Ligand SMILES: O=C(O)[C@@](O)(COP(=O)(O)O)[C@H](O)[C@H](O)COP(=O)(O)O
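Residue numbers (PDB author numbering), protein chains in the order written: chain c, 83 to 91; chain B, 4 to 484; chain J, 1 to 139; chain K, 1 to 139; chain I, 1 to 139.
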């Protein structure tokens, strides 16, 4: 979801 | 005995077999670095295998692990060299498919070498018995590593300057039939096509040096046809000479000949291999030549959604090696191509930076560190009757190529070339004036209107009016909107 | 012969209304416009003569149309072209170019063939107008 | 002749108490220790024979002293050395090495000179003990 | 040291019954058998001395056993080996080889290191028995 952009700084 | 007394009794370094996820290859609380290389894999576990164990196995066997414990690990900074699985999720609308994210340390790779990068990422993991299927979908290549590669020898910007052509797609065609013609007959077709209004023509991927035609003969006649056409029109023209060969020495011999006779461009095939491709891209930069890449063989591994490598990854690797052009798809032609996936490919080859876009298959944000742009090429069963669709889906930085769509004209090759150029010019003009050229009614009428002042175009429209290739696609998206 | 340099040379000469529309399209993108002239149409003649400086922040095609009108009545017989430049990072180059004035008649070119080693030829493209008269009086 | 390989060869042979102190210094740093043996002392002889595996997590010199005692009464006449390894990123190599046992007599070496082009010589260093007897019976 | 050339050198010396069985296996395939001897065991010493001609159409191991018995009591101290040859198109080479007699003692070899350009070394392997005595009196 939108956690893929925060899990990969 | 000394050996028996010196045996390792540590829980982690005692002899024996333990799961990969307990060897240190799975870390849900891992923090990614800006120098790390990242990979996204679509995995299908064998009945009974735990999804997390499978991800850990892929990470270990692609980095520094084996099937059993080795004490030699204590002679190295082991923790720094191990790759780490850090995220696993089910594929939407699917049971038995999962997405896995993996991070790799920068010091694991050799600077400027594609053979080395691939040796680690795709070396042996695809043959593991514990998985039933596997596919590399995407990768994030960091700025630091990008700076060790050359990037395109010429690049889209410098190339348009070399041709003095700006603000419209380039045009081209392939010589037909594929095999059988002599060098003198080959030059005749080139002369005719260019004279009618094409920017470039090209040899077929399977034309090299055969009993019916030796290469030196073809190169000589082609330069006579190019100069004749350029002097008759006042424009810069050219043809892609094929330098593909069986050994590196023979490749170089054919490249040095084409430069001697004054060719502005040459072409190579993907079947040659990564190391030969890298060598050719370095030569083109040092000798002021444009380099075209044909993707022969790519669909053996890039067609199915369950196993292999997605083309968007090949796009990144080839932009890193430094090719100037690459075939990327047509959407409406006779070869495979989903419109959403194709738009993703074009962006990977032309943008200065990529942002996440799931419906297009973009999984990682990534900058190109000022690497030059690679020009996409559209080819495969397309005709001037489809001009409105080509302009809408492919854009303005692209080479549109018409083989049968030019030579197959009933009034001759020169007539065929004219019909293609006129069709394009009229469509772009209309677009720039703010018309809905993509509408199923406006688009064709625009071409019909132009046809009332050009007989060749009228003939072509009537000939290939009801020609289309509608079939369900194999490689599709997993997200919407 | 008709010189085929430019993006719209396979179409008839464009009217003033047609030209104004294309200009309106380039300014909507934010591009800078300029006008050039020459009497030597060799395909490797990269630098045409400049007509004033480029119009960077002009936001009305009427300003561009006026300048072209002046050149037409001021310059000698020959060719005139309009170009658009994009200074955005990643481009920093020209993005459009088309001819907007031609001579009454153009004879064209011919090829000269010098024979070198083996079967190799060194080609030279030659213009009839250039070889006959100096700049200013070729057309 | 006295072989001068190692860090303390210009000092007299060290006592057991002296050896224990140096070991205590390496373990306070967290280094791994090992013991090796050979009867071929050529300066380019990189791989001596290993006595068991390296002691990785031993935190008491008595364990290292015991192993050295065994080798002394088990191995043939020749040389014994103790090494310390550091596996930290930036090093990953040996950081100390000293001899801890010698033969009753060492004859030494001599040079052989092969004459090649011009005035160039190709040198070879030769050991008296090696050339005379096979491994196990050189000292 | 024990010389490890041959296919069964990691097993104890084979008995006469053991040898006879291996011979019986090679003749069932139709192979030709021969016996050789040497006192120079260098690994690049390709040609051992021949004991008579090869036995081409013998179909009974007893004939091969007899010849080996003779060599044993006739030849000097050293090494003896039995080989099997296959002359079929696609092969035309040896397909088996094993040692069947050894000296009472083998001292082994040592290395000589000549230093050439940069860090390169040219190596030479040397035998203790050969360097000490002429052929016939090495063991
Ligand atoms: O050999 C051929 O079939 C073509 O010359 C097509 O000619 P036509 O114009 O006559 O169809 C091209 O190589 C294909 O387009 C390659 O496919 P792709 O671009 O997908 O790699």
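Here a beta-carbon is modelled for each residue, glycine too, at the ideal position from N, C-alpha and C.
Chain K contact for residue i (CB, 8 Å cutoff)
i, result
"residue 107 of chain I", "yes"
"residue 110 of chain I", "yes"
"residue 334 of chain B", "no"
"residue 480 of chain B", "no"
"residue 315 of chain B", "no"
"residue 61 of chain B", "no"
"residue 115 of chain I", "yes"
8 Å Cβ shell around residue i - same chain, five flanking residues per side excluded
i, result
"residue 204 of chain B", "175, 176, 177, 178, 192, 193, 196, 197, 242 and 243"
"residue 4 of chain J", "10"
"residue 136 of chain J", "39 and 76"
"residue 66 of chain B", "28, 84, 85, 86, 107, 111 and 123"
Buried or exposed (CB count within 10 angstroms, at least 16 for buried), residue i
i, result
"residue 356 of chain B", "exposed"
"residue 47 of chain J", "exposed"
"residue 20 of chain B", "exposed"
"residue 281 of chain B", "buried"
"residue 1 of chain I", "exposed"
"residue 89 of chain c", "exposed"
"residue 337 of chain B", "exposed"
"residue 421 of chain B", "buried"
"residue 64 of chain B", "buried"
"residue 286 of chain B", "buried"
"residue 25 of chain K", "exposed"
Residues of its chain near residue i, where Cβ-Cβ distance is below 6 Å and the 5 sequence neighbours each way are ignored
i, result
"residue 110 of chain I", "126"
"residue 323 of chain B", "152"
"residue 298 of chain B", "273 and 330"
"residue 16 of chain B", "74"
Best match in the options for proximity to residue i [C-alpha to C-alpha]
i, options, result
"residue 87 of chain c", "B:90, B:275 and B:112", "B:90"
"residue 143 of chain B", "B:120, B:156 and B:435", "B:120"
"residue 94 of chain B", "B:64, B:138, B:77 and B:79", "B:138"
"residue 34 of chain B", "B:98, B:14 and B:107", "B:107"
"residue 95 of chain I", "I:33, I:14, I:24 and I:118", "I:33"
"residue 211 of chain B", "B:226, B:250, B:231 and B:240", "B:250"
"residue 128 of chain K", "K:112, K:139, K:81 and K:107", "K:107"
"residue 65 of chain I", "I:77, I:82 and I:74", "I:82"
"residue 296 of chain B", "B:305, B:307 and B:273", "B:273"
"residue 8 of chain I", "I:99, I:131 and I:114", "I:99"
"residue 400 of chain B", "B:28, B:75, B:350 and B:110", "B:350"
"residue 335 of chain B", "B:218, B:267, B:365 and B:471", "B:471"
"residue 245 of chain B", "B:171, B:41 and B:218", "B:218"
"residue 86 of chain J", "J:97, J:116, J:80 and J:79", "J:97"
"residue 446 of chain B", "B:460, B:430, B:456 and B:436", "B:430"
Within-8 Å CB hit, residue i to chain J
i, result
"residue 247 of chain B", "no"
"residue 144 of chain B", "no"
Own chain partners of residue i with C-beta closer than 7 Å, once the 5 adjacent residues on each side are dropped
i, result
"residue 27 of chain J", "59 and 61"
"residue 49 of chain I", "36, 37 and 38"
"residue 310 of chain B", "136, 137 and 138"
"residue 481 of chain B", "94 and 95"
"residue 372 of chain B", "146, 149 and 150"
"residue 113 of chain J", "121 and 123"
Chain c within 8 Å of residue i, Cβ atoms only
i, result
"residue 192 of chain B", "no"
Residue-chain proximity (residue i, chain B), Cβ-Cβ < 8 Å
i, result
"residue 87 of chain K", "yes"
"residue 41 of chain J", "yes"
"residue 98 of chain K", "no"
"residue 36 of chain K", "no"
Residue-chain proximity (residue i, chain I), Cβ-Cβ < 8 Å
i, result
"residue 44 of chain K", "yes"
"residue 122 of chain K", "yes"
- Task: For the region 88–111 of chain B, enumerate the residues whose C-beta is nearer than 7 Å to any C-beta of chain K, in chain order.
- Result: none
- Message: Against chain B, which members of the region 1–30 of chain J pass a CB distance test of less than 7 Å?
- Response: 3, 4, 5, 7, 8, 10, 11, 21, 22 and 25
- Task: Could you name the residues of the region 359–370 of chain B whose beta carbon sits closer than 8 Å to any beta carbon of chain c, in the order they occur along the chain?
- Result: 359, 366, 367 and 368
- Item | Residues of the region 231–246 of chain B whose Cβ lies closer than 8 Å to any Cβ of chain J, in chain order | 231, 233, 234, 235, 236, 237, 238 and 239
- Item | Residues of the region 12–46 of chain B with Cβ closer than 8 Å to any Cβ of chain c, in chain order | 34, 35, 37 and 41
- Residues of the region 51–82 of chain J with a CB closer than 8 Å to any CB of chain B: list them in chain order, please. none
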